[PDB]
Amino acid sequence: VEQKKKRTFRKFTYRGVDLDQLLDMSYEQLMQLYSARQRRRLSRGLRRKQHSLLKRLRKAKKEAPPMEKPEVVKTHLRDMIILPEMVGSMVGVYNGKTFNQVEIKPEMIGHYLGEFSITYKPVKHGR
Amino acid sequence: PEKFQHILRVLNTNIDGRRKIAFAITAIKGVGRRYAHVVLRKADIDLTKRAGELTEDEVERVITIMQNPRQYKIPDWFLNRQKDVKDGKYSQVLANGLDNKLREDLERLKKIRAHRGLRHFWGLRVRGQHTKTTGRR
Amino acid sequence: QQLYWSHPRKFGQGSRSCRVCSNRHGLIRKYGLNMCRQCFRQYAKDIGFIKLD
Amino acid sequence: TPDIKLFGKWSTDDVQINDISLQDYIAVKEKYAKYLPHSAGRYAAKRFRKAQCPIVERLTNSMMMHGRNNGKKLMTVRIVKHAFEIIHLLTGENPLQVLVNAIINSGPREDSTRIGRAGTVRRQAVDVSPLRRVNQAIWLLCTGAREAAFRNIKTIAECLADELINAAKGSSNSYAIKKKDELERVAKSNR
Amino acid sequence: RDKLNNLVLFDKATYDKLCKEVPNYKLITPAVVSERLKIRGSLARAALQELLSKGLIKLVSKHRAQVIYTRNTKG
Amino acid sequence: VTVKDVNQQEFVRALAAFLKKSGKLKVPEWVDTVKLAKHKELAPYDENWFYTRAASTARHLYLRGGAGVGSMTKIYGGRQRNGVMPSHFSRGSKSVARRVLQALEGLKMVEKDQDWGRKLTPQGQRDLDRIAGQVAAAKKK
RNA sequence: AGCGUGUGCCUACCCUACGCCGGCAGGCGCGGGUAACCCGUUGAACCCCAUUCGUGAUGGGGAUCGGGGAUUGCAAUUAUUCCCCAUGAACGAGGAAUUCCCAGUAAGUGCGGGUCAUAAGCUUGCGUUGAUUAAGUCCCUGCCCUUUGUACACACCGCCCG
């Protein structure tokens, strides 16, 4: 993730904005664009408070070797909004009994954590 | 008075000509009634008539407005795809292209494995609705 | 001291009861009486609510 | 208005119920001319009173049928006023006379009742009261007009005129006339 | 049944049919023109307002809902 | 005729046209695009309609002490088809009526009234009365 | 138009007219009101009407889904809700059955109150528009009136033969 091609090559622009550009602002300037539900949540969230979580993310991003994935970071904050600061990390996303483990691709942006950890079970009529 | 066409094609859909333009257009995927009504008003047509009537001229004029609506005093709120995301558009998807983007969007959140995606994949529901008693047949 | 021990109680069913009996269910909130219906039935005479039709 | 109390603009005088017995639950106005087929009308309390009610209004009321159309008297009054005009264009006359005639012609004289009959229940030919004859007729014509009008371009006022005119001189084109003959035919057997 | 398909634009010859017929009928409304020709209903309408020109046909009530026209003003 | 003398439809019809001739009213550039009410099914068939509303409002104010946009939204507001749910009131747009109110001011037909609400001006009062007469005069019929 | 409603509250908070911005949804600035004072001459909705449509599941219908805007809340993801667009389903009159009803009654039609932070397809009244139709009877059904029969009496949903 630094140099010509190397690693890079998945692209993704969010809202006309590029991930190069995305990864470089302030979460401020990201929510500014377009997302509207996620942005209100973080403003109102605010004061904001998943503080420690975000430090837990960067921490394990560091301690991860130099090639790949690493260990993950757990949470119950289903209502959290995915913002470029997060992308590339690994989130243990609780659903009531299980923590599903999910890498956050840049596409997810603006989505809520909960949308990637299914609570319910499909079901059954015959079987 | 006069005649002609019955049966005219715009951008990849066959549009019955007998029919009134506003209504006639609404065959095209992505042209609903509020759409087609405002597009035509923009496009200068005697509202009073049948799609089969009118000129090749007026037709391109409808299409041109239809795929650049913003550029014609059509507000964005009137539009199908605001806020793209992938490009941060605004847009108004049209024709064959609506089926396309529908597919994309479903794929997107199926790749990401989000519960909605999963729901679409099994062919259940994604808005919060009870699944115990209905949509059974 | 135990910062631990509360989450919002401002509004909803959970923010109120029966001044008579604690019950957070079937609560008469009109005219500020704030009695559960079962109780209000038993106290409507002493409050001044009388049957006429 | 002051000379004679006409209808929307039609004269009550000189219309004669061409049918003894019926005379009189068909209420024109052996003095009662009014202006409009709408009234406060309390007919319900008594069994008879309905007869008092002007036949025109009676016809207008039957018009507003089917759950959606219930209570739409203004709509019926509007339809009735139009129908009379269409009828008039079609034959001069008093359309009110035309209306009365259709009513006189449609009431089933004879009918049938489902007499218990033991088993294979047979049906007993009985004669029919004049109140019933009037009541039944107005239905028949209204149901006739309403039924015809529904999938066709033509309006109730028009379909009503058509049902009324055909019936006034019993053309048998009419739904109602065919129905009445059917009810009566049934009455005769059974006996 | 009753499937109705309508000629929704003027065909000359159908223009002639209109002025050389409609004086025939005593009653003409949207429906008449539609059934007796094979006029749109939309192009019925425009034919009514036109016909009332200086009329082939004569107004006796055009209640919002309904025009009701008579034969022209003959003997 | 007082404006009260003329039937509402002809009065509004005549005045609305008069406004059209005058050529100076002014018009949120939109008006091509706008529905006029969320309740609304389609916009107005007469894209020309901005004038008609203006006339309608001018007449509406002249009648009464003072009125404001909320009232108009509701007046214009029709019943909205909830779909599954039963139908309910939905007071009609506020931009159109406001713009109508602002524009009318430009002509001086109406002016801010005391204690909120726009009132007709004597200039407007005179203007409406004048057209009212013209309409009455036209003919019998 | 009508029954009704409100803040200054057992502990967090009201009803809101009016100016501006926004297509909308809504945003924003004010100012009154313990109310017969103010919101609200509740300027409601059906409806009435001048047009269009034209008998095509079409403009009847608004399902499902996609994207997006905003409001409530610390938190809405399992959509609280609302809007805007788009996608534009079945349904073209309902078998066996079966509810309820006699005059402001049936039915259409909006409103307000309860729930309530937010959230109505609900319930619970209210006015508006307003018929058809018995005017009675005990047939079916249900329940109580005599007389009568009864091996019944946990009472016919009861107590019988090989």
# chains A, B, ... in the order shown; residues from 1 in each chain; ligands from 1

call {"tool": "residues_around", "arguments": {"residues": "residue 6 in chain G", "least_positions_apart": "3", "cutoff": "9 Å", "atoms": "only C-alpha atoms (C1' of nucleotides)", "output": "list in words"}}
result
residues 14, 15 and 35 of chain G

call {"tool": "write_last_selection", "arguments": {"atoms": "C-alpha atoms (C1' of nucleotides)", "output": "PDB file, in the first residue's frame"}}
result
ATOM      1  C1'   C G  14     -46.708  22.730  24.504  1.00  0.00           C
ATOM      2  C1'   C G  15     -50.269  24.249  20.892  1.00  0.00           C
ATOM      3  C1'   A G  35     -57.542  29.384  26.303  1.00  0.00           C
TER       4        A G  35
END

call {"tool": "interface_residues", "arguments": {"of": "chain G", "to": "chain B", "cutoff": "12 Å", "atoms": "only C-alpha atoms (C1' of nucleotides)", "output": "PDB file with C-alpha atoms (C1' of nucleotides), in the first residue's frame"}}
result
ATOM      1  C1'   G G  22     -36.222  24.910  -0.370  1.00  0.00           C
ATOM      2  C1'   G G  23     -39.625  21.311  -5.938  1.00  0.00           C
ATOM      3  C1'   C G  24     -40.853  18.371  -1.822  1.00  0.00           C
ATOM      4  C1'   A G  25     -40.093  16.627   2.587  1.00  0.00           C
ATOM      5  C1'   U G  52     -58.611  16.300 -19.828  1.00  0.00           C
ATOM      6  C1'   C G  53     -59.193  11.117 -20.357  1.00  0.00           C
ATOM      7  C1'   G G  56     -57.133   0.087 -22.828  1.00  0.00           C
ATOM      8  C1'   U G  58     -55.274   2.417 -18.982  1.00  0.00           C
ATOM      9  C1'   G G  59     -54.620   7.680 -16.381  1.00  0.00           C
ATOM     10  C1'   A G  63     -47.909  -3.840  -4.385  1.00  0.00           C
ATOM     11  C1'   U G  64     -42.788  -5.077  -4.393  1.00  0.00           C
ATOM     12  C1'   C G  65     -38.005  -3.373  -5.067  1.00  0.00           C
ATOM     13  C1'   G G  66     -33.698   0.281  -6.178  1.00  0.00           C
ATOM     14  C1'   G G  67     -31.444   5.129  -5.309  1.00  0.00           C
ATOM     15  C1'   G G  68     -31.774   9.524  -3.083  1.00  0.00           C
ATOM     16  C1'   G G  69     -33.631  13.836   0.289  1.00  0.00           C
ATOM     17  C1'   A G  76     -33.588   3.603  13.566  1.00  0.00           C
ATOM     18  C1'   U G  77     -29.333  -1.371  11.228  1.00  0.00           C
ATOM     19  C1'   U G  78     -34.769  -5.334  11.129  1.00  0.00           C
ATOM     20  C1'   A G  79     -37.364  -0.013   6.684  1.00  0.00           C
ATOM     21  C1'   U G  80     -40.293   4.363  13.494  1.00  0.00           C
ATOM     22  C1'   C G  83     -41.079  12.955   0.826  1.00  0.00           C
ATOM     23  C1'   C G  84     -38.828  12.542  -4.474  1.00  0.00           C
ATOM     24  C1'   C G  85     -37.925   9.652  -8.410  1.00  0.00           C
ATOM     25  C1'   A G  86     -37.793   5.091 -10.373  1.00  0.00           C
ATOM     26  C1'   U G  87     -39.469  -0.169 -10.714  1.00  0.00           C
ATOM     27  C1'   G G  88     -45.665  -0.023 -11.976  1.00  0.00           C
ATOM     28  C1'   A G  90     -52.232  -9.244  -8.214  1.00  0.00           C
TER      29        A G  90
END

call {"tool": "residues_around", "arguments": {"residues": "residue 113 in chain B", "least_positions_apart": "3", "cutoff": "12 Å", "atoms": "only C-alpha atoms (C1' of nucleotides)", "output": "ChimeraX atom specification"}}
result
/A:100-105,107-108,113-118 /B:106-110,116-121

call {"tool": "select_by_dssp", "arguments": {"residues": "range 97-157 of chain D", "states": "alpha helix (DSSP H)", "output": "MDAnalysis selection string"}}
result
chainID D and resid 97:106 130:149 156:157

call {"tool": "residues_around", "arguments": {"residues": "residue 36 in chain A", "least_positions_apart": "3", "cutoff": "9 Å", "atoms": "only C-alpha atoms (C1' of nucleotides)", "output": "PDB file with C-alpha atoms (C1' of nucleotides), in the first residue's frame"}}
result
ATOM      1  CA  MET A  31     -19.643  13.166   5.777  1.00  0.00           C
ATOM      2  CA  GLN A  32     -20.041  16.539   4.135  1.00  0.00           C
ATOM      3  CA  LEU A  33     -20.539  14.694   1.063  1.00  0.00           C
ATOM      4  CA  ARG A  39     -23.557  12.025   8.474  1.00  0.00           C
ATOM      5  CA  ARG A  40     -26.439  12.994  10.775  1.00  0.00           C
ATOM      6  CA  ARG A  41     -25.722   9.940  12.912  1.00  0.00           C
ATOM      7  CA  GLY A 110     -21.779   5.439   4.194  1.00  0.00           C
TER       8      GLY A 110
ATOM      9  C1'   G G  69     -33.631  13.836   0.289  1.00  0.00           C
ATOM     10  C1'   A G  70     -35.290  15.000   5.557  1.00  0.00           C
TER      11        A G  70
END

call {"tool": "interface_residues", "arguments": {"of": "chain G", "to": "chain C", "cutoff": "10 Å", "atoms": "only C-alpha atoms (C1' of nucleotides)", "output": "count of residues only"}}
result
12
